[PDB]
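Participant: Once you've seen the sequence and the experimental structure below, I've got questions.
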Amino acid sequence: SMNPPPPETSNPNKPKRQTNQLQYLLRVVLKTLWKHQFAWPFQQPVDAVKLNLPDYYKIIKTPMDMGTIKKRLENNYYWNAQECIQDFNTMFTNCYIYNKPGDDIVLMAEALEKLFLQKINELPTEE
Ligand SMILES: Cc1cc(-c2nc3ccccc3n2CC2CCOCC2)cn(C)c1=O
């Protein structure tokens with residue numbers, strides 16, 4: 001039932017970087033995905049309590065949402081783009097794992113992933 005602590009968005013020990021690839025992930029990719037009509041269910045951690053999904057965090061052991069990714073990019077938490085791209089891929093994969101094919105949330109995830117792949121193909125080379 002109980003919601004776990006959200007994923008870490010702050011860690012003063014962890015060394016941080018501002019790269020053009022990370023600037024692109026915030027300014028181009030996240031901005032595009034966040035404003036999409038199907039973004040809202042992905043903008044915050046799954047609230048298992050509110051949704052009465054006591055199973056959710058029994059099945060999903062690496063939760064991720066765009067709220068966390070947004071916080072991680074705004075607060076320069078990442079070392080490289082691969083870390084941030086992994087977070088997006090975890091958010092999509094968690095959706096496909098927990099939910100059934102054809103479910104509304106999976107159709108929303110599929111739309112968002114398509115856009116995400118488009119923008120990631122155009123990832124700038126490291127400056
Ligand atoms: C299982 C699940 C639920 C939601 C979710 N978050 C909601 C917030 C408020 C209200 C409903 C919420 N849901 C359920 C879906 C919302 C969109 O339509 C399908 C149900 C999001 N994701 C990524 C999931 O994997």
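Facilitator: Now that the structure is in, tell me what you want to look at. Residues are numbered from 1 along each chain as shown.
Participant: leaving aside the residues next to it on the chain, what's closest to residue 34?
Facilitator: Excluding its sequence neighbours, the residue lying closest to residue 34 (Cβ to Cβ, 6 or more residues apart in numbering) is residue 66, at 6.3 Å. (C-beta placed from N, C-alpha, C; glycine too.)
Participant: ditto for residue 60
Facilitator: Spatial nearest neighbour of residue 60, chain neighbours left out: residue 94 (4.9 Å); criterion: Cβ to Cβ, 6+ apart.
Participant: For the one you found, give its distance to the ligand.
Facilitator: Separation of residue 94 from the ligand (Cβ to the nearest ligand atom, to the nearest Å) stands at 7 Å.
Participant: who touches the helix or strand hosting that residue?
Facilitator: Using DSSP states H and E, residue 94 sits in helix 81-98. Helix 81-98 is contacted by residues 19, 21-22, 24-25, 29, 42, 56, 59-60, 62-66, 68-69, 72-73, 78, 105-106, 109, 112-113, 116, 120, 123 when judged by Cβ atoms under 8 Å, 6 or more residues apart in numbering.
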